[PDB]
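Asks: The structure that follows is given in the form of structure tokens.
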Amino acid sequence: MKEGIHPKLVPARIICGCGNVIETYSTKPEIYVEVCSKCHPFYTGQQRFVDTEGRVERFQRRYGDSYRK
Amino acid sequence: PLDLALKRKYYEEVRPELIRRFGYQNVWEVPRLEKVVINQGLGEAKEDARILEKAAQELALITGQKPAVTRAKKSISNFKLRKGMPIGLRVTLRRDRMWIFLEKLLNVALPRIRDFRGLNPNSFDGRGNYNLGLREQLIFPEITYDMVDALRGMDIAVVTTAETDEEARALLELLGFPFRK
Amino acid sequence: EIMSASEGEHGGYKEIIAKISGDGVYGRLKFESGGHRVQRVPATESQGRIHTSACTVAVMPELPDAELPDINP
Amino acid sequence: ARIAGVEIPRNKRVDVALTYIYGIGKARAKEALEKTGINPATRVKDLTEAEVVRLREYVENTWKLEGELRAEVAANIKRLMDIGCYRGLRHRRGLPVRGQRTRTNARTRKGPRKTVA
RNA sequence: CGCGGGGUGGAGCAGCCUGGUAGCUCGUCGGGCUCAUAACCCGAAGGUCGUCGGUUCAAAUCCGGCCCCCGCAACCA
RNA sequence: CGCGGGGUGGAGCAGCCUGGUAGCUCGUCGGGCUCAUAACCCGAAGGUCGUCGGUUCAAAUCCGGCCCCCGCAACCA
RNA sequence: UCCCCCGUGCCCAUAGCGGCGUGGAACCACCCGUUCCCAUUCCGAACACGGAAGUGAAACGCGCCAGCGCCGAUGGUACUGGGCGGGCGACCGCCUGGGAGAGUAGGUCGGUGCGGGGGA
RNA sequence: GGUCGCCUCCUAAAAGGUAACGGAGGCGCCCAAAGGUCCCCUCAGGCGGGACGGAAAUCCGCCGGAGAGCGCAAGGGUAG
RNA sequence: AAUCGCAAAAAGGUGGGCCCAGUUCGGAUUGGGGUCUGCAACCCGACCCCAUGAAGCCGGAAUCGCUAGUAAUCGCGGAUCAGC
Ligand SMILES: [Mg+2]
Ligand SMILES: [Mg+2]
Ligand SMILES: [Mg+2]
Ligand SMILES: [Mg+2]
Ligand SMILES: [Mg+2]
Ligand SMILES: [Mg+2]
Ligand SMILES: [Mg+2]
Ligand SMILES: [Mg+2]
Ligand SMILES: [Mg+2]
Ligand SMILES: [Mg+2]
Ligand SMILES: [Mg+2]
Ligand SMILES: [Mg+2]
Ligand SMILES: [Mg+2]
Ligand SMILES: [Mg+2]
Ligand SMILES: [Mg+2]
Ligand SMILES: [Mg+2]
Ligand SMILES: [Mg+2]
Ligand SMILES: [Mg+2]
Ligand SMILES: [Mg+2]
Ligand SMILES: [Mg+2]
Ligand SMILES: [Mg+2]
Ligand SMILES: [Mg+2]
Ligand SMILES: [Mg+2]
Ligand SMILES: [Mg+2]
Ligand SMILES: [Mg+2]
Ligand SMILES: [Mg+2]
Ligand SMILES: [Mg+2]
Ligand SMILES: [Mg+2]
Ligand SMILES: [Mg+2]
Ligand SMILES: [Mg+2]
Ligand SMILES: [Mg+2]
Ligand SMILES: [Mg+2]
Ligand SMILES: [Mg+2]
Ligand SMILES: [Mg+2]
Ligand SMILES: [Mg+2]
Ligand SMILES: [Mg+2]
Ligand SMILES: [Mg+2]
Ligand SMILES: [Mg+2]
Ligand SMILES: [Mg+2]
Ligand SMILES: [Mg+2]
Ligand SMILES: [Mg+2]
Ligand SMILES: [Mg+2]
Ligand SMILES: [Mg+2]
Ligand SMILES: [Mg+2]
Ligand SMILES: [Mg+2]
Ligand SMILES: [Mg+2]
Ligand SMILES: [Mg+2]
Ligand SMILES: [Mg+2]
Ligand SMILES: [Mg+2]
Ligand SMILES: [Zn+2]
């Protein structure tokens, strides 16, 4: 290591947007996170989020009938 | 060495799982990382101020090591670019400093991006390498709001001993790399 | 597609030539050659009088042309 | 970046701040306040992290937002344009959809004035 | 053929000597004035620079070949 | 080689008296009047005073050196 | 003296590419560590040091095939130093001495010198 | 009209040399680093990978004996 | 129907928020979901809710209105007419 121009590597606590205490190292000691691996939709399985099957559209709109045959 | 969750996840889980899948007859035949190379292709500050010298600070902030400069191979007129004139930053991450990157990237950084839908699986090299792009550098938590004056992306490149993408896809998917399909 | 086309202050075209290319063109424009009279109150009318005027038009078919391949000893 | 899709204007109030998310208007802004019980007129930064994290996920999961919302909107125009409905041909040719007069105006679908002789 | 000059928006002419950068007047187009036209007033469009090549990081600019135009020369017998 | 005197904004420029005052015209911008183009009248921007360095309480005004263009007359084996 | 490894020359691909297997006692390499010497236009990759836990995966060593590459006769011709011949002429032709290139047959997955370490 | 000295190639017939108003190009400079030395590094190009980024800007991989480079013309030389 | 209803006049006053930003300015455009009238709203209706939130930061040459309850500004009503 050409020490004299490189930043420190202090042990970093990382409190995330889920109560996570992600134990690792970093340049900044106390950094907080919005989302991590532990709660992202495209990370932990297929998940759901808001999107279920794309609105009521379109062959399943329902809200009407007039057939009995 | 160093207590790093990723360094552990590889050895104490991923590595033997790789042997489970493909079955090697030597301990070294098992695929592993070696380099992680980041390349902000700035070049915007070509004949302009060393505005890139701040981007160096940003980059080092993420890696824990200073990036060197890259300069113009040939000269190109269309690009308003004279040969030798500086246009980019490269920082290579080997050994322990590498792990700390991925351990932060895969955990914190990646999901914090705009509409993450999982890494593109087609983006695989051939002889066992994987490359991707970032447009924003504030994605990493070490980067704050006022630390940024413009969005500067980067060409993350990670290499492996793998013979092919099969091992590579396998190696990374077990590590913490999401995929689309 | 027009070729020569001298204007006419307002409106016109005081003279205008045009290559109308295609098929059966000369066949249906053959009979146009001649004088076409017009009776109306013109745009240019200083009061309210109907004025007779005229315009000769000339349809000429496509002429396959060829100059002599220069001289000959 | 930050909650929800990207960071919201930390200078002004929170009820306004939400608007600046591609998914929320002043309407859903009011609602996001009520179904979280947070102070309406307090500035963004002034919000304790306690207040923040609760409202963080609430809105992410309730409606479509940002590129996620944009996704559906994009997807909508696709299927119209493919089935070949009138409302789709109007998208296809980039003209106004909701039945307006084209002989004048309708510039916002046409862009700048394409004047020719 | 021998020497010199030239070809750039529809017309006429700069820019080439010194490489990075297309300019002037007229015309044309759109909008004014006027009853209308012109004048006038406001705004815009419009050429990849004859042509093949080569030099160069880059050519209207430099270099070579050809095409076209223009002037000069073509004498002693 | 030697003599002569100059950049002051975007060009022309007295200020170069006799060291404490950085101006005029055009240019450009805003306003005025205006059939106008325009003359015309008010306001505005831009001066680092060729450079380093020295004297002075203070100097574009004085010196030392030097950059540079013009100007001067010689010389040219 | 015979085999194996290490360092090193020589011949300058018949030695190379590629494929295939093999070798860790020794030797070597990777390898382990980054305190010190030394080092990175960043990185212990390289270079450097201290090591010796693993391993022959890679590199390398050793064999194995002939796809590529490379080598490549014999025979014959072209051409030609010298000596002549024919035809009006343009060009042909003979004796004598020398003799390719291409192509065919075929060869090749090395040979070897010095030194060191270890085997029978 | 063209040319006049110098350089590169061909003409030139495998030593040197060799003419023509024979065929083709260059020179009248440049560099205080483009020089001395020690030390390290190896091209152009091709395919695949890569935010803005393209035919080509910087980055990764694999391929590559010299087709790049060596201030400028050409030849020779040149990565041992 | 001077009885009942359309009918809240809107500017205004008071209170609270906004802080000079393409903004809580602006509401064009578009997505999705519905109400009404009609046989029937695809071409081709009006209104409601959500999301989208464009051009536009005072407009070249030029040009218009109006001299007192007028100009400017703020609403309301009606004729037409199922509806707009
Ligand atoms: Mg684990
Ligand atoms: Mg590799
Ligand atoms: Mg005429
Ligand atoms: Mg005529
Ligand atoms: Mg012309
Ligand atoms: Mg008129
Ligand atoms: Mg046009
Ligand atoms: Mg055109
Ligand atoms: Mg050319
Ligand atoms: Mg060219
Ligand atoms: Mg020539
Ligand atoms: Mg001037
Ligand atoms: Mg003093
Ligand atoms: Mg002074
Ligand atoms: Mg002069
Ligand atoms: Mg003995
Ligand atoms: Mg085999
Ligand atoms: Mg083995
Ligand atoms: Mg084996
Ligand atoms: Mg064994
Ligand atoms: Mg061993
Ligand atoms: Mg042992
Ligand atoms: Mg190695
Ligand atoms: Mg041991
Ligand atoms: Mg061992
Ligand atoms: Mg064998
Ligand atoms: Mg023979
Ligand atoms: Mg004979
Ligand atoms: Mg005969
Ligand atoms: Mg004859
Ligand atoms: Mg003959
Ligand atoms: Mg003959
Ligand atoms: Mg003959
Ligand atoms: Mg013979
Ligand atoms: Mg042989
Ligand atoms: Mg002469
Ligand atoms: Mg020769
Ligand atoms: Mg010869
Ligand atoms: Mg000699
Ligand atoms: Mg390369
Ligand atoms: Mg390459
Ligand atoms: Mg590519
Ligand atoms: Mg292109
Ligand atoms: Mg070679
Ligand atoms: Mg040259
Ligand atoms: Mg050469
Ligand atoms: Mg009020
Ligand atoms: Mg609307
Ligand atoms: Mg304004
Ligand atoms: Zn988290």
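Following the order of the structure tokens, chains are lettered A, B, ..., residues in each are numbered from 1, and ligands are numbered from 1.
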Kindly provide, as a PDB file with C-alpha atoms (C1' of nucleotides), in the first residue's frame, all nucleotide and amino acid residues lying within 8 Å of ligand 2, counting only C-alpha atoms (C1' of nucleotides) and all ligand atoms.

Replies:
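The new file out20.pdb reads:
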```pdb
ATOM      1  CA  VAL B 159     -13.100 -10.631 -12.796  1.00  0.00           C
ATOM      2  CA  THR B 160     -12.885 -14.302 -11.912  1.00  0.00           C
ATOM      3  CA  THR B 161     -10.844 -17.446 -12.423  1.00  0.00           C
TER       4      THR B 161
ATOM      5  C1'   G H  61     -11.249 -10.151 -20.723  1.00  0.00           C
TER       6        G H  61
END
```

Asks: Do you know which residues are at most 12 Å from residue 31 in chain F counting only C-alpha atoms (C1' of nucleotides), after dropping those on the same chain fewer than 3 positions away, and could you put them as number ranges by chain?

Replies: F: 41-44

Asks: Determine which residues of chain C DSSP labels as strand (DSSP E) from the backbone of this structure, then write them out as a PyMOL selection string.

Replies: chain C and resi 2-7+13-18+34-40+51-57

Asks: Only C-alpha atoms, please: the residues just picked out, written as a PDB file, in the first residue's frame.

Replies:
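Contents of the output file result.pdb:
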```pdb
ATOM      1  CA  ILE C   2     -42.460  22.371 -62.870  1.00  0.00           C
ATOM      2  CA  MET C   3     -39.573  23.594 -65.031  1.00  0.00           C
ATOM      3  CA  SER C   4     -39.704  27.152 -66.388  1.00  0.00           C
ATOM      4  CA  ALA C   5     -42.142  29.279 -64.383  1.00  0.00           C
ATOM      5  CA  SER C   6     -42.145  33.069 -64.733  1.00  0.00           C
ATOM      6  CA  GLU C   7     -44.344  34.536 -61.985  1.00  0.00           C
ATOM      7  CA  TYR C  13     -47.581  32.350 -63.299  1.00  0.00           C
ATOM      8  CA  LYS C  14     -47.640  34.526 -66.406  1.00  0.00           C
ATOM      9  CA  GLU C  15     -46.011  31.528 -68.092  1.00  0.00           C
ATOM     10  CA  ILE C  16     -45.262  28.081 -66.700  1.00  0.00           C
ATOM     11  CA  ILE C  17     -44.048  24.772 -68.074  1.00  0.00           C
ATOM     12  CA  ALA C  18     -44.225  21.404 -66.309  1.00  0.00           C
ATOM     13  CA  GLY C  34     -55.443  25.562 -77.356  1.00  0.00           C
ATOM     14  CA  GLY C  35     -57.066  28.707 -76.004  1.00  0.00           C
ATOM     15  CA  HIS C  36     -59.031  28.651 -72.765  1.00  0.00           C
ATOM     16  CA  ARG C  37     -61.431  31.570 -72.221  1.00  0.00           C
ATOM     17  CA  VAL C  38     -62.440  32.754 -68.762  1.00  0.00           C
ATOM     18  CA  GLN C  39     -65.355  34.987 -67.893  1.00  0.00           C
ATOM     19  CA  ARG C  40     -65.735  36.364 -64.345  1.00  0.00           C
ATOM     20  CA  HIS C  51     -64.002  40.606 -67.456  1.00  0.00           C
ATOM     21  CA  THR C  52     -63.264  38.130 -70.270  1.00  0.00           C
ATOM     22  CA  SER C  53     -59.705  36.820 -70.482  1.00  0.00           C
ATOM     23  CA  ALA C  54     -57.807  33.929 -72.081  1.00  0.00           C
ATOM     24  CA  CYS C  55     -54.871  31.557 -71.747  1.00  0.00           C
ATOM     25  CA  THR C  56     -53.270  29.343 -74.339  1.00  0.00           C
ATOM     26  CA  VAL C  57     -51.920  26.015 -73.115  1.00  0.00           C
TER      27      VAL C  57
END
```

Asks: Write out as a PyMOL selection string each polymer residue (protein, DNA or RNA) that has an atom no more than 10 Å from ligand 31, with only C-alpha atoms (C1' of nucleotides) and all ligand atoms counted.

Replies: chain G and resi 87-91

Asks: Within 7 Å of chain D, which residues belong to chain B? Use only C-alpha atoms and report them as an MDAnalysis selection string.

Replies: chainID B and resid 112:115 138:139

Asks: Using the selection just defined, write its residues with N, CA, C and O atoms as a PDB file, in the first residue's frame.

Replies:
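Writing the result to selection.pdb gives the following:
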```
ATOM      1  N   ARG B 112     -30.256   0.710  -3.659  1.00  0.00           N
ATOM      2  CA  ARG B 112     -30.571   2.129  -3.509  1.00  0.00           C
ATOM      3  C   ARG B 112     -30.672   2.856  -4.852  1.00  0.00           C
ATOM      4  O   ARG B 112     -30.809   4.088  -4.891  1.00  0.00           O
ATOM      5  N   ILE B 113     -30.615   2.103  -5.950  1.00  0.00           N
ATOM      6  CA  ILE B 113     -30.679   2.717  -7.271  1.00  0.00           C
ATOM      7  C   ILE B 113     -32.108   2.866  -7.790  1.00  0.00           C
ATOM      8  O   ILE B 113     -33.032   2.177  -7.340  1.00  0.00           O
ATOM      9  N   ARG B 114     -32.257   3.774  -8.754  1.00  0.00           N
ATOM     10  CA  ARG B 114     -33.546   4.111  -9.359  1.00  0.00           C
ATOM     11  C   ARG B 114     -34.145   2.933 -10.122  1.00  0.00           C
ATOM     12  O   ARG B 114     -33.662   2.567 -11.194  1.00  0.00           O
ATOM     13  N   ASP B 115     -35.197   2.351  -9.555  1.00  0.00           N
ATOM     14  CA  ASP B 115     -35.926   1.264 -10.191  1.00  0.00           C
ATOM     15  C   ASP B 115     -35.033   0.057 -10.456  1.00  0.00           C
ATOM     16  O   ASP B 115     -34.857  -0.353 -11.605  1.00  0.00           O
ATOM     17  N   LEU B 138     -23.758   8.925  -5.950  1.00  0.00           N
ATOM     18  CA  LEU B 138     -24.254   9.171  -4.592  1.00  0.00           C
ATOM     19  C   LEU B 138     -24.971   7.938  -4.022  1.00  0.00           C
ATOM     20  O   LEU B 138     -25.358   7.916  -2.844  1.00  0.00           O
ATOM     21  N   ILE B 139     -25.148   6.931  -4.878  1.00  0.00           N
ATOM     22  CA  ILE B 139     -25.769   5.656  -4.530  1.00  0.00           C
ATOM     23  C   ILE B 139     -25.132   5.030  -3.299  1.00  0.00           C
ATOM     24  O   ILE B 139     -25.821   4.542  -2.405  1.00  0.00           O
TER      25      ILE B 139
END
```

Asks: Compute the set of protein, DNA and RNA residues whose minimum atom distance to ligand 26 is at most 12 Å, using only C-alpha atoms (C1' of nucleotides) and all ligand atoms, and state it as JSON, numbers by chain.

Replies: {"G": [20, 21, 22, 23, 62, 63, 64, 65]}

Asks: Would you output that residue set with N, CA, C and O atoms (P, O5', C5', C4', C3', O3' and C1' of nucleotides), as a PDB file, in the first residue's frame?

Replies:
```pdb
ATOM      1  P     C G  20      -7.938 -31.533 -24.182  1.00  0.00           P
ATOM      2  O5'   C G  20      -6.974 -32.795 -24.246  1.00  0.00           O
ATOM      3  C5'   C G  20      -7.455 -34.034 -24.738  1.00  0.00           C
ATOM      4  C4'   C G  20      -6.476 -35.143 -24.469  1.00  0.00           C
ATOM      5  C3'   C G  20      -6.051 -35.312 -23.017  1.00  0.00           C
ATOM      6  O3'   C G  20      -6.995 -36.001 -22.203  1.00  0.00           O
ATOM      7  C1'   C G  20      -4.131 -35.301 -24.386  1.00  0.00           C
ATOM      8  P     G G  21      -7.256 -35.543 -20.672  1.00  0.00           P
ATOM      9  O5'   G G  21      -6.019 -36.140 -19.855  1.00  0.00           O
ATOM     10  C5'   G G  21      -5.959 -37.520 -19.520  1.00  0.00           C
ATOM     11  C4'   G G  21      -4.546 -38.064 -19.548  1.00  0.00           C
ATOM     12  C3'   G G  21      -3.715 -37.878 -18.289  1.00  0.00           C
ATOM     13  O3'   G G  21      -4.034 -38.773 -17.241  1.00  0.00           O
ATOM     14  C1'   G G  21      -2.401 -37.311 -20.153  1.00  0.00           C
ATOM     15  P     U G  22      -3.861 -38.284 -15.716  1.00  0.00           P
ATOM     16  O5'   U G  22      -2.289 -38.097 -15.525  1.00  0.00           O
ATOM     17  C5'   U G  22      -1.423 -39.221 -15.480  1.00  0.00           C
ATOM     18  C4'   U G  22       0.022 -38.813 -15.601  1.00  0.00           C
ATOM     19  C3'   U G  22       0.618 -38.118 -14.392  1.00  0.00           C
ATOM     20  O3'   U G  22       1.001 -39.006 -13.368  1.00  0.00           O
ATOM     21  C1'   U G  22       1.189 -36.916 -16.341  1.00  0.00           C
ATOM     22  P     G G  23       0.725 -38.599 -11.845  1.00  0.00           P
ATOM     23  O5'   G G  23       2.003 -37.754 -11.442  1.00  0.00           O
ATOM     24  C5'   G G  23       3.284 -38.355 -11.402  1.00  0.00           C
ATOM     25  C4'   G G  23       4.359 -37.307 -11.314  1.00  0.00           C
ATOM     26  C3'   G G  23       4.179 -36.273 -10.219  1.00  0.00           C
ATOM     27  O3'   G G  23       4.596 -36.739  -8.948  1.00  0.00           O
ATOM     28  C1'   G G  23       4.752 -35.195 -12.253  1.00  0.00           C
ATOM     29  P     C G  62      11.030 -31.026 -20.582  1.00  0.00           P
ATOM     30  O5'   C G  62      10.419 -32.494 -20.465  1.00  0.00           O
ATOM     31  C5'   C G  62      10.981 -33.448 -19.577  1.00  0.00           C
ATOM     32  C4'   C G  62      10.019 -34.571 -19.279  1.00  0.00           C
ATOM     33  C3'   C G  62       9.401 -35.255 -20.482  1.00  0.00           C
ATOM     34  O3'   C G  62      10.271 -36.189 -21.098  1.00  0.00           O
ATOM     35  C1'   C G  62       7.724 -34.825 -18.884  1.00  0.00           C
ATOM     36  P     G G  63      10.448 -36.203 -22.702  1.00  0.00           P
ATOM     37  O5'   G G  63       9.829 -37.600 -23.150  1.00  0.00           O
ATOM     38  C5'   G G  63       8.739 -37.650 -24.052  1.00  0.00           C
ATOM     39  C4'   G G  63       7.576 -38.378 -23.436  1.00  0.00           C
ATOM     40  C3'   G G  63       6.453 -38.771 -24.382  1.00  0.00           C
ATOM     41  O3'   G G  63       6.735 -39.937 -25.143  1.00  0.00           O
ATOM     42  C1'   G G  63       5.535 -37.787 -22.441  1.00  0.00           C
ATOM     43  P     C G  64       6.640 -39.868 -26.748  1.00  0.00           P
ATOM     44  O5'   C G  64       5.067 -39.736 -27.043  1.00  0.00           O
ATOM     45  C5'   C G  64       4.216 -40.873 -27.033  1.00  0.00           C
ATOM     46  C4'   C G  64       2.760 -40.492 -26.952  1.00  0.00           C
ATOM     47  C3'   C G  64       2.137 -39.886 -28.197  1.00  0.00           C
ATOM     48  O3'   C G  64       1.799 -40.857 -29.176  1.00  0.00           O
ATOM     49  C1'   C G  64       1.449 -38.682 -26.274  1.00  0.00           C
ATOM     50  P     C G  65       2.718 -41.092 -30.482  1.00  0.00           P
ATOM     51  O5'   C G  65       2.632 -39.725 -31.286  1.00  0.00           O
ATOM     52  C5'   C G  65       1.992 -39.674 -32.543  1.00  0.00           C
ATOM     53  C4'   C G  65       0.503 -39.590 -32.369  1.00  0.00           C
ATOM     54  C3'   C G  65      -0.216 -38.744 -33.401  1.00  0.00           C
ATOM     55  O3'   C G  65      -0.470 -39.463 -34.596  1.00  0.00           O
ATOM     56  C1'   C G  65      -0.921 -38.098 -31.245  1.00  0.00           C
TER      57        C G  65
END
```

Asks: Throw together the list of residues within 9 Å of ligand 23, counting only C-alpha atoms (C1' of nucleotides) and all ligand atoms, and drop it here as a ChimeraX atom specification.

Replies: /G:29-30,45-46,59

Asks: Grab the residues selected above and save them as a PDB file, in the first residue's frame with N, CA and C atoms (P, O5', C5', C4', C3', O3' and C1' of nucleotides).

Replies:
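Output file result.pdb is given in full below:
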```
ATOM      1  P     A G  29      10.477 -20.664  -7.558  1.00  0.00           P
ATOM      2  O5'   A G  29       8.976 -20.682  -8.073  1.00  0.00           O
ATOM      3  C5'   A G  29       8.678 -20.333  -9.410  1.00  0.00           C
ATOM      4  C4'   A G  29       7.316 -20.830  -9.817  1.00  0.00           C
ATOM      5  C3'   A G  29       6.147 -20.244  -9.045  1.00  0.00           C
ATOM      6  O3'   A G  29       5.749 -18.984  -9.546  1.00  0.00           O
ATOM      7  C1'   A G  29       5.928 -22.594  -9.124  1.00  0.00           C
ATOM      8  P     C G  30       5.577 -17.745  -8.542  1.00  0.00           P
ATOM      9  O5'   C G  30       4.159 -18.039  -7.859  1.00  0.00           O
ATOM     10  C5'   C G  30       2.950 -17.750  -8.551  1.00  0.00           C
ATOM     11  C4'   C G  30       1.895 -18.827  -8.398  1.00  0.00           C
ATOM     12  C3'   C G  30       0.983 -18.736  -7.187  1.00  0.00           C
ATOM     13  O3'   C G  30      -0.038 -17.769  -7.322  1.00  0.00           O
ATOM     14  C1'   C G  30       1.698 -20.957  -7.440  1.00  0.00           C
ATOM     15  P     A G  45      -1.106  -9.059  -4.903  1.00  0.00           P
ATOM     16  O5'   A G  45      -0.759  -9.083  -6.464  1.00  0.00           O
ATOM     17  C5'   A G  45      -1.307 -10.054  -7.352  1.00  0.00           C
ATOM     18  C4'   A G  45      -0.970  -9.756  -8.802  1.00  0.00           C
ATOM     19  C3'   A G  45       0.510  -9.605  -9.132  1.00  0.00           C
ATOM     20  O3'   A G  45       1.139 -10.837  -9.406  1.00  0.00           O
ATOM     21  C1'   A G  45      -0.678  -7.777 -10.030  1.00  0.00           C
ATOM     22  P     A G  46       2.608 -11.124  -8.828  1.00  0.00           P
ATOM     23  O5'   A G  46       3.526 -10.072  -9.583  1.00  0.00           O
ATOM     24  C5'   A G  46       3.690 -10.108 -10.989  1.00  0.00           C
ATOM     25  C4'   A G  46       4.271  -8.809 -11.483  1.00  0.00           C
ATOM     26  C3'   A G  46       5.615  -8.409 -10.887  1.00  0.00           C
ATOM     27  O3'   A G  46       6.716  -9.050 -11.506  1.00  0.00           O
ATOM     28  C1'   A G  46       4.157  -6.557 -10.849  1.00  0.00           C
ATOM     29  P     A G  59      -1.372 -23.037 -17.737  1.00  0.00           P
ATOM     30  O5'   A G  59       0.115 -22.545 -17.387  1.00  0.00           O
ATOM     31  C5'   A G  59       0.472 -21.162 -17.418  1.00  0.00           C
ATOM     32  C4'   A G  59       1.734 -20.867 -16.637  1.00  0.00           C
ATOM     33  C3'   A G  59       2.943 -21.718 -16.976  1.00  0.00           C
ATOM     34  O3'   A G  59       3.640 -21.254 -18.104  1.00  0.00           O
ATOM     35  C1'   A G  59       2.673 -21.675 -14.649  1.00  0.00           C
TER      36        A G  59
END
```

Asks: Taking only C-alpha atoms (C1' of nucleotides) and all ligand atoms into account, report as a list in words which residues have an atom no farther than 12 Å from an atom of ligand 38.

Replies: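 So the residues close to ligand 38 are residues 10, 11, 12, 13 and 14 of chain H.
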
Asks: Residues of the last selection are to be written out with N, CA and C atoms (P, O5', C5', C4', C3', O3' and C1' of nucleotides), as a PDB file, in the first residue's frame.

Replies:
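Dumped everything to part31.pdb:
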```pdb
ATOM      1  P     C H  10      16.088   0.799 -54.648  1.00  0.00           P
ATOM      2  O5'   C H  10      15.451   0.976 -56.086  1.00  0.00           O
ATOM      3  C5'   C H  10      14.297   0.245 -56.408  1.00  0.00           C
ATOM      4  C4'   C H  10      13.626   0.752 -57.645  1.00  0.00           C
ATOM      5  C3'   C H  10      14.405   0.648 -58.924  1.00  0.00           C
ATOM      6  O3'   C H  10      14.420  -0.663 -59.423  1.00  0.00           O
ATOM      7  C1'   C H  10      13.298   2.705 -58.838  1.00  0.00           C
ATOM      8  P     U H  11      15.759  -1.273 -60.037  1.00  0.00           P
ATOM      9  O5'   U H  11      15.890  -0.596 -61.468  1.00  0.00           O
ATOM     10  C5'   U H  11      14.761  -0.495 -62.321  1.00  0.00           C
ATOM     11  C4'   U H  11      14.980   0.514 -63.418  1.00  0.00           C
ATOM     12  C3'   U H  11      16.317   0.430 -64.117  1.00  0.00           C
ATOM     13  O3'   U H  11      16.291  -0.592 -65.100  1.00  0.00           O
ATOM     14  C1'   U H  11      15.759   2.698 -63.649  1.00  0.00           C
ATOM     15  P     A H  12      17.642  -1.219 -65.704  1.00  0.00           P
ATOM     16  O5'   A H  12      18.481  -1.627 -64.431  1.00  0.00           O
ATOM     17  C5'   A H  12      19.520  -2.585 -64.525  1.00  0.00           C
ATOM     18  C4'   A H  12      20.450  -2.419 -63.368  1.00  0.00           C
ATOM     19  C3'   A H  12      19.756  -2.415 -62.001  1.00  0.00           C
ATOM     20  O3'   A H  12      20.605  -2.982 -61.008  1.00  0.00           O
ATOM     21  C1'   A H  12      20.866  -0.360 -62.338  1.00  0.00           C
ATOM     22  P     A H  13      20.590  -4.558 -60.695  1.00  0.00           P
ATOM     23  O5'   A H  13      20.754  -5.245 -62.141  1.00  0.00           O
ATOM     24  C5'   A H  13      20.090  -6.452 -62.519  1.00  0.00           C
ATOM     25  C4'   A H  13      20.622  -6.991 -63.833  1.00  0.00           C
ATOM     26  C3'   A H  13      22.090  -7.362 -63.855  1.00  0.00           C
ATOM     27  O3'   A H  13      22.270  -8.674 -63.405  1.00  0.00           O
ATOM     28  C1'   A H  13      21.506  -6.168 -65.841  1.00  0.00           C
ATOM     29  P     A H  14      23.516  -8.992 -62.478  1.00  0.00           P
ATOM     30  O5'   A H  14      22.868  -9.251 -61.043  1.00  0.00           O
ATOM     31  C5'   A H  14      22.315  -8.164 -60.311  1.00  0.00           C
ATOM     32  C4'   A H  14      22.361  -8.396 -58.820  1.00  0.00           C
ATOM     33  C3'   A H  14      23.734  -8.684 -58.198  1.00  0.00           C
ATOM     34  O3'   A H  14      24.493  -7.512 -57.906  1.00  0.00           O
ATOM     35  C1'   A H  14      22.178 -10.287 -57.449  1.00  0.00           C
TER      36        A H  14
END
```

Asks: At a cut-off of 12 Å, can you tabulate as a tab-separated table every residue of chain A near chain I together with its closest atom pair and the distance in Å to one decimal, using only C-alpha atoms (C1' of nucleotides) and ordering rows by chain then number?

Replies:
```
residue	atom	partner	partner_atom	distance
A:54	CA	I:32	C1'	10.6
A:55	CA	I:32	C1'	8.0
A:56	CA	I:32	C1'	9.6
A:57	CA	I:32	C1'	9.7
A:58	CA	I:32	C1'	11.9
A:61	CA	I:33	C1'	11.2
A:63	CA	I:34	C1'	11.5
```

Asks: Pick out the residues sitting within 10 Å of range 14-28 of chain A, and hand them over as JSON, numbers by chain; count only C-alpha atoms (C1' of nucleotides), and ignore anything fewer than 6 positions along from it in its own chain.

Replies: {"A": [7, 8, 34, 35, 36, 38, 39], "B": [2, 3, 4, 5, 6, 60, 61, 62, 63, 64, 65, 97, 99, 100, 101, 103, 104, 107, 108, 141, 142, 143], "D": [3, 49, 52, 53, 54, 56, 57]}

Asks: Kindly work out which residues sit at most 10 Å from ligand 22, using only C-alpha atoms (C1' of nucleotides) and all ligand atoms, and give the list as a PyMOL selection string.

Replies: chain G and resi 24-26
